[PDB]
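Starting off, we have a lone chain in the form deposited in one PDB entry, written out as structure tokens.
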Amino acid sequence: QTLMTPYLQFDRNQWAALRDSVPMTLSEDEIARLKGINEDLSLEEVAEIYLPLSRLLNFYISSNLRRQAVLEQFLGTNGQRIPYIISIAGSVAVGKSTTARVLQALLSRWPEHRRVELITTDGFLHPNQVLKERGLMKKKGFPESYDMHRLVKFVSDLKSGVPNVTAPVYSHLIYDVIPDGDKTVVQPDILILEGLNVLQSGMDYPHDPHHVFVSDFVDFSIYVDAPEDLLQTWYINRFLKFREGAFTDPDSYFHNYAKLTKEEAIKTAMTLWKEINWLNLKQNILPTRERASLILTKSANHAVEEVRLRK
């Protein structure tokens, strides 16, 4: 078998096989916290995939702390609680949120940190008002719909030792950044950053370039992959269910999508996909996959089929 990439390859079996000295199981409580998270997520999927994943990440995080100690000694450094940041990328409705939320659950179970914050990139979009002014609100999720000078600043601050760093928050009810709903990140041990753009660089923002990227401040990055045809279906389904804020909202900017019949809805969904989002993926997201530390490849039902980890 001849290939050889910068990645170690594992098919489902090989992954769900990895056992570590001292058995991996999940207590009652954990088992609960997760069904509330997605409930479409099977416990077997969690045990076979994410449990071992979290185990993997812990080795990485732990090795880091060990290093912190050695160095803190060598150069004599007071304190400064610099959190370990793990980012999660991928296309729309790929499971970015779910994965993040799940890892945050499991990762807390380690006495080495146990403290894990989670910030989703959506909060860093330009408020609908600004988007309307730039004629971008059918383009939410494109490099121009993001204020990532602010985002890079966020993780930059976190990695700078700034104690309490605040972050904007996006609402899935009114689908707009919450006016005065910014969240305060109080020195966490681990910060998980979920979003479509966590892997992008200034090369993706020529209209307003930046020279130090989000990745420059992220310790470990995870990209959630899936074949195009699948991404299409998942996108469509999200639309079907959310109609892009069409619902929850007096008469959302896209209130008109409410009246759409199923046939019309999916008809619309894939015009939006084929003409907008499919290109966002193809040219702004997909190209960053190889920039990830670990790549998860899913099957039609979100089951993880492959796992690639940088050598």
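Note that the rigid core is defined as the largest set of C-alphas that superpose within 1.5 Å between two forms. So that there is no doubt, residue numbering starts at 1 and follows the sequence shown. Residues that one form lacks are left out of the comparison.
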Problem set entry | Higher-B stretch (mean Cα B-factor, as the entry records it), 44-52 or 24-32 | 24-32
Exercise. With respect to the recorded C-alpha B factors, which stretch has the higher mean value, 74-82 or 143-151?
Worked result: 74-82
Problem set entry | Maximum C-alpha temperature factor, selected from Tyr175, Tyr205, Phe220, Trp234 | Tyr175
Exercise. Which listed residue, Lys159, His113, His211, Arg134, has the largest C-alpha temperature factor in the record?
Worked result: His113
Problem set entry | Third of the chain's Cα B-factor distribution that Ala258 belongs to, per the entry | highest
Problem set entry | Lowest, middle or highest third - CA B-factor, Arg109 | highest
For this session: Compare the C-alpha B factor of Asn284 with those of the other modelled residues in its chain, then answer lowest, middle or highest third.
Result: lowest
For this session: Within this chain's modelled residues, let me know which third the CA B factor of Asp216 belongs to: lowest, middle or highest.
Result: lowest
For this session: Could you tell me which third, lowest, middle or highest, the C-alpha B-factor of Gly123 occupies within its chain?
Result: lowest
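The protein also exists as the form deposited in another entry; that form is not presented, and the subsequent description refers to it.
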Problem set entry | Residue from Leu286, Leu260, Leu56, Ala47 whose Cα, after superposing the rigid core, lies 2 Å or more away between the shown form and the other one | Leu260
Exercise. Honestly, after the rigid core fit, is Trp234 moving at least 2 Å at Cα between the shown form and the other one?
Worked result: yes
Exercise. Since the CA distance of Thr248 and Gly90 differs by 3 Å or more in that other deposited form, is it closer or farther than in the form displayed?
Worked result: farther
Seminar exercise, completed: Distance flag for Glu244 and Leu41 (Cα, change 3 Å or more) in that other deposited form: the two residues are closer
For this session: Please identify, after superposing on the rigid core, every run of 3 or more consecutive residues whose C-alpha atoms all shift by 2 Å or more between the shown form and the other one, listing them in sequence order.
Result: 228-279
